[PDB]
Each structure stands twice: as C-alpha cells, then as structure tokens.
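Q: Before we start, here is the structure in question, set down as structure tokens.
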Amino acid sequence: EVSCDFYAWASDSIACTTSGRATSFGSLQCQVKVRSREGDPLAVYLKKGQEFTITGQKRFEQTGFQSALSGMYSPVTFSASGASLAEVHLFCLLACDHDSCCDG
C-alpha cells in the first residue's frame, strides 16, 4: 500500500557537501535524512528548486528580476559537470537560511 510521508523545510534534514576548491568549487552532492528504516521499498522525491515560485525556510520568491546594483557578497562559482542547476539552487537556499544577514 502507498504510505507517503512528507518532510518539510526548516527540518534541517537537507545538507550539501562541496568537492574541490572567488571560491570556485568543483562538485556538489546533496544529502537528505529520512525517518525510514533503511528498508528496501522506499523512494525519495526532492523538490527541484528554480521550478516553484516560493521555496525555502524563509519563503524566498522568484522575483523575476535578473540583476541588482549592490549587495553581492561571498560569490561562489561551481563548475559544470559536478553540480546541477537544482543542486546549486539548493546550496544557496540552505546557505541563506542560516545567515540572518542574507536577504536573497
């Protein structure tokens, strides 16, 4: 029988680890945590970011603006094969939610 347990942001379950070493990294992997029993019948379906308007613990919105005139700090540039668009988006989301000085 299908038993679907939904997890949420702010659970701090999601985490990301970067690979390699402004601060141009080389690869990224995403790790999520389930209260599951390490049993075989289970599948995990992660929301791809950059496809939903409002995502994140702080409910960031895809404003649709492609630029700002001031405010960037600590830029990071992952290299292609190594991270995916969703993976990079997940990385920045987790980062900005743990900063208290980040507005977007």
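Here, A, B, ... name the chains of the structure tokens in the order displayed, residue numbers run from 1 inside each chain, and ligands are numbered from 1 in the same displayed order.
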Could you give me, as a ChimeraX atom specification, the residues within 8 Å of residue 28 in chain A, counting only C-alpha atoms and dropping anything in the same chain fewer than 3 positions from it?
A: /A:16-19,78,82-83,87-88
Q: Could you find all residues in range 15-66 of chain A that DSSP calls strand (DSSP E) from the backbone, and write them as an MDAnalysis selection string?
A: chainID A and resid 15:19 27:31 54:55 60:61
Q: For each of A:97, A:103, A:12, A:5, take the minimum atom-to-atom distance to residue 31 in chain A, counting only C-alpha atoms, then give the residue where this is smallest.
A: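 Ranking A:97, A:103, A:12, A:5 by distance to residue 31 in chain A, first place goes to A:12.
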Q: Would you kindly return, as number ranges by chain, each protein, DNA or RNA residue with an atom no farther than 9 Å from any atom of residue 15 in chain A, considering only C-alpha atoms and excluding same-chain residues fewer than 2 positions away?
A: A: 12-13, 17, 29-33, 90-91, 94
Q: Export, as a PDB file, in the first residue's frame, the selected residues with C-alpha atoms.
A:
```pdb
ATOM      1  CA  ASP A  12      17.244  20.836   8.769  1.00  0.00           C
ATOM      2  CA  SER A  13      17.194  17.407   7.123  1.00  0.00           C
ATOM      3  CA  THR A  17      28.766  18.883   0.694  1.00  0.00           C
ATOM      4  CA  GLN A  29      26.382  16.413  -3.618  1.00  0.00           C
ATOM      5  CA  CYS A  30      23.061  16.735  -1.689  1.00  0.00           C
ATOM      6  CA  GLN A  31      22.142  14.524   1.292  1.00  0.00           C
ATOM      7  CA  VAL A  32      18.647  14.265   2.848  1.00  0.00           C
ATOM      8  CA  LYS A  33      17.572  12.416   6.024  1.00  0.00           C
ATOM      9  CA  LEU A  90      19.553  24.003  -3.057  1.00  0.00           C
ATOM     10  CA  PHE A  91      23.030  25.027  -1.901  1.00  0.00           C
ATOM     11  CA  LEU A  94      20.413  26.287   2.641  1.00  0.00           C
TER      12      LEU A  94
END
```
Q: State, in Å with one decimal place, the distance from CA of residue 66 in chain A to CA of residue 98 in chain A.
A: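 We find that CA of residue 66 in chain A and CA of residue 98 in chain A lie 23.5 Å from each other.
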Q: As a ChimeraX atom specification, list the residues of chain A assigned to helix (DSSP H, G or I) by DSSP on the backbone atoms of this structure.
A: /A:85-97
Q: Can you tell me, as an MDAnalysis selection string, what residues are no more than 12 Å from residue 59 in chain A when counting only C-alpha atoms, ignoring any on the same chain fewer than 3 positions away?
A: chainID A and resid 9:10 52:56 62:63 93:94 96:97 103:104
Q: Would you save the residues of that selection, restricted to C-alpha atoms, as a CSV table (one decimal), in the first residue's frame?
A:
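Wrote out-v7.csv, looks like this:
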```csv
chain,number,residue,atom,x,y,z
A,9,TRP,CA,11.9,22.8,5.0
A,10,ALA,CA,13.1,24.0,8.4
A,52,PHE,CA,8.5,26.5,-7.8
A,53,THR,CA,7.9,30.2,-7.1
A,54,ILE,CA,8.3,30.1,-3.3
A,55,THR,CA,10.8,27.7,-1.8
A,56,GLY,CA,12.8,27.7,1.4
A,62,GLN,CA,11.5,34.1,-7.8
A,63,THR,CA,11.2,37.9,-8.2
A,93,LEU,CA,18.9,28.2,-0.3
A,94,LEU,CA,20.4,26.3,2.6
A,96,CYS,CA,20.9,32.0,3.0
A,97,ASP,CA,18.6,30.4,5.6
A,103,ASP,CA,18.1,39.0,2.2
A,104,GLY,CA,18.2,37.0,-1.0
```
Q: Applying 12 Å and only C-alpha atoms, which residues near residue 77 in chain A remain after dropping the ones on its own chain fewer than 2 positions away? List them as a ChimeraX atom specification.
A: /A:18,20-28,74-75,79-80,82-83,85,88-89,91-92
Q: Those residues you just picked out, can you put them in a file as an mmCIF file, in the first residue's frame with C-alpha atoms?
A:
```
data_model
loop_
_atom_site.group_PDB
_atom_site.id
_atom_site.type_symbol
_atom_site.label_atom_id
_atom_site.label_comp_id
_atom_site.auth_asym_id
_atom_site.auth_seq_id
_atom_site.Cartn_x
_atom_site.Cartn_y
_atom_site.Cartn_z
ATOM 1 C CA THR A 18 31.073 20.529 -1.828
ATOM 2 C CA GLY A 20 37.164 20.777 -4.679
ATOM 3 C CA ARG A 21 38.475 24.269 -4.021
ATOM 4 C CA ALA A 22 36.067 33.520 -5.779
ATOM 5 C CA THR A 23 35.993 30.120 -4.049
ATOM 6 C CA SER A 24 35.426 28.165 -7.260
ATOM 7 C CA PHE A 25 34.426 24.676 -6.163
ATOM 8 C CA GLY A 26 34.336 21.670 -8.452
ATOM 9 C CA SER A 27 31.452 19.410 -7.453
ATOM 10 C CA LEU A 28 28.438 19.302 -5.054
ATOM 11 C CA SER A 74 30.884 35.892 -0.922
ATOM 12 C CA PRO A 75 30.271 34.792 -4.529
ATOM 13 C CA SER A 79 31.923 24.227 -12.298
ATOM 14 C CA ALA A 80 29.538 22.498 -14.728
ATOM 15 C CA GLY A 82 29.825 18.390 -10.849
ATOM 16 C CA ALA A 83 26.762 20.338 -9.857
ATOM 17 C CA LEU A 85 21.022 23.651 -11.544
ATOM 18 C CA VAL A 88 23.289 24.758 -6.851
ATOM 19 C CA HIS A 89 19.899 26.295 -6.061
ATOM 20 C CA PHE A 91 23.030 25.027 -1.901
ATOM 21 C CA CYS A 92 22.271 28.757 -1.878
#
```
Q: Give me the residues near residue 4 in chain A as a PyMOL selection string, where near means some atom within 12 Å (using only C-alpha atoms) and where sequence neighbours in that chain fewer than 5 positions away do not count.
A: chain A and resi 34+36+41-45
Q: Would you mind exporting the chosen residues as a short mmCIF file (atom, residue, chain, number, x, y, z; two decimals), in the first residue's frame, restricted to N, CA and C atoms?
A:
```cif
data_model
loop_
_atom_site.label_atom_id
_atom_site.label_comp_id
_atom_site.auth_asym_id
_atom_site.auth_seq_id
_atom_site.Cartn_x
_atom_site.Cartn_y
_atom_site.Cartn_z
N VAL A 34 15.93 10.62 6.30
CA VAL A 34 14.54 10.09 6.35
C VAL A 34 14.37 9.29 7.64
N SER A 36 13.01 6.80 7.85
CA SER A 36 12.70 5.46 7.30
C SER A 36 13.57 4.40 7.95
N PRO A 41 11.95 -1.08 0.18
CA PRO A 41 10.89 -0.40 -0.58
C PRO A 41 10.68 1.04 -0.16
N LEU A 42 11.45 1.96 -0.73
CA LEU A 42 11.25 3.38 -0.46
C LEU A 42 11.93 4.20 -1.55
N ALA A 43 11.29 5.31 -1.92
CA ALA A 43 11.88 6.21 -2.92
C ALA A 43 11.77 7.63 -2.39
N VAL A 44 12.72 8.50 -2.72
CA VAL A 44 12.73 9.89 -2.20
C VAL A 44 12.58 10.83 -3.38
N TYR A 45 11.69 11.79 -3.29
CA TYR A 45 11.44 12.68 -4.44
C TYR A 45 11.65 14.10 -3.95
#
```
Q: May I ask for the distance between CA of residue 35 in chain A and CA of residue 48 in chain A, given in Å to one decimal place?
A: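 Between CA of residue 35 in chain A and CA of residue 48 in chain A the gap is 21.1 Å.
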Q: Quick one, how far is CA of residue 99 in chain A from CA of residue 76 in chain A?
A: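 CA of residue 76 in chain A lies at a distance of 15.4 Å from CA of residue 99 in chain A.
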